[PDB]
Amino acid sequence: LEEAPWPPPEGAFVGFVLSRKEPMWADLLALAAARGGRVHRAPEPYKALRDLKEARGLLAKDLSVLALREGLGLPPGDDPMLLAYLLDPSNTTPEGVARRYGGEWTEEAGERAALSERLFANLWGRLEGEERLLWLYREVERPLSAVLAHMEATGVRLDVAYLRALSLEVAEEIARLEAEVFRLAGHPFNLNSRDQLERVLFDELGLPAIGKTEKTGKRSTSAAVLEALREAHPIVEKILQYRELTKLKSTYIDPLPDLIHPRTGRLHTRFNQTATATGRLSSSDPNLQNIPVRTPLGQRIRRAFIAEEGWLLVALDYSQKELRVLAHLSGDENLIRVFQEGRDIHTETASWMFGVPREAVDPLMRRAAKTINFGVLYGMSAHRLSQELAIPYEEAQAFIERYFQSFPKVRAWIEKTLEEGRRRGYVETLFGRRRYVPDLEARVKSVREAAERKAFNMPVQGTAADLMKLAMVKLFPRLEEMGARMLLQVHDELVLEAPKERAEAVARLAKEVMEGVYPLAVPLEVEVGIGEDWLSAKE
């Protein structure tokens, strides 16, 4: 390319280099743009950001987040990564996409700008004629990247002092548990080491091994194994409690307060848009899509996510999301009718596994039922179900037969999905998002059947993801108009922040947008709560 002075013309492709992957934390080391057979390199990258009207190129959203951090409204536009990801969701990195579609991802801005330009041309070519993939790009992914940039740059408020205090209390309890485990083992060892624990449990103590690990075939010490051994030795329950507390302390309580951004005073995640096989988003650095919620200590941690003074959090969560999507994809009349009588399958399953009335099923009971319903739906074995329910194998067998007898059109849909997947080599969501699943014709049964479960899950999980993304795209401009913020997405949940005087109106509006995003054969229902913290906003 011909070396040309900064700035570039309108519509140029940008290339940029960051000191680290997280745009809220990165130093912008270099900035370039490419167009019309020219490459333009910015003398000073921060100042040069001001000259761009749009971030167009590889990883556009990341540059847009950095610009928002610097007080500049630089929206992301075309990004070859999104084109590649729609062609084949195994396209998740610029390294791989470059090598596959006509270049090399280097560490130089100018080369990255030229690359973005060439990859865009090639990928746009590959997508001509792919009308539904093009619809997803224009109507969902490209616009969504702008929404995600705003969410990332906004961040969420955290009660840091609360978590610091919590760390000291939890440390004391961890010490109590550790001391008691060591007393029982007859000696201290590294309780965090599953290898040392394995020897203590199965060699030193007399305990029976229950299962083996996948890659190396060691005797497993997983929670499932431990729970099966709960009454074989007092040391077991102590280890399970130690595991719960250290998991929560090491993963959330200790690291999160250290991640508060000095300028915003808030916590900023990344919403990765080309990271999953199904079309879901993911969240990283830190992951805010797996904040605890199940145990009492977990709930204590979730309470640390709070609204700005004068604002409230609004949490919206699709009810029985994937079951409703299944109803639409399959057309089962019984399952559809369930959602037209306002029945709740999670509640009904919970009343059965706990042997209590439906009105006796509490939130945490109902939640327990989710792993069971989704577990059985996507191919859980009777043996496994037997083990998690602690019921005779024959009992698990009958629950799984009855589960599918009730909704007969579902198995039909599964078989149709698998057949089409074998023939075309990919499966697809309601909107035509594809996942290639080559192992559908593997000659090894375990491999083939794993592939099958992946394959028939994807249209369901991925259609739900398509709907959530579309809803975010529709909802965001309404929130901006009302002076509200979108903070987090958690697969089928959104967390918003609204001024107190407007929170009720925001909640009502957001609920309507989400419920009416794309009318299906069954209603999509949304549960919404408002609160000063994330936990109380879902209570």
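Numbers for residues come from their place in the sequence shown, where the first is 1.
Here 297-305 and 126-134 are compared by their mean Cα B-factor, and 126-134 comes out higher. Stretches 38-46 and 56-64 differ in mean C-alpha B factor, with the higher average recorded for 38-46. Which of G310, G186, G279, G265 has the largest Cα B-factor in the deposited entry comes down to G186. Note on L248, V325, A455, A382: the highest value goes to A382, judged by CA B factor as recorded. Looking at the C-alpha B-factors along this chain, the one for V170 belongs to the lowest third. Annotation for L430: CA B-factor lies in the middle third of the chain's modelled residues.
Ranked within its chain, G375 lands in the highest third, by CA B factor from the PDB record. Among the modelled residues of the chain, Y101 sits in the middle third by CA temperature factor in this PDB entry. Among all modelled residues in its chain, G529 ranks in the middle third by Cα B-factor.
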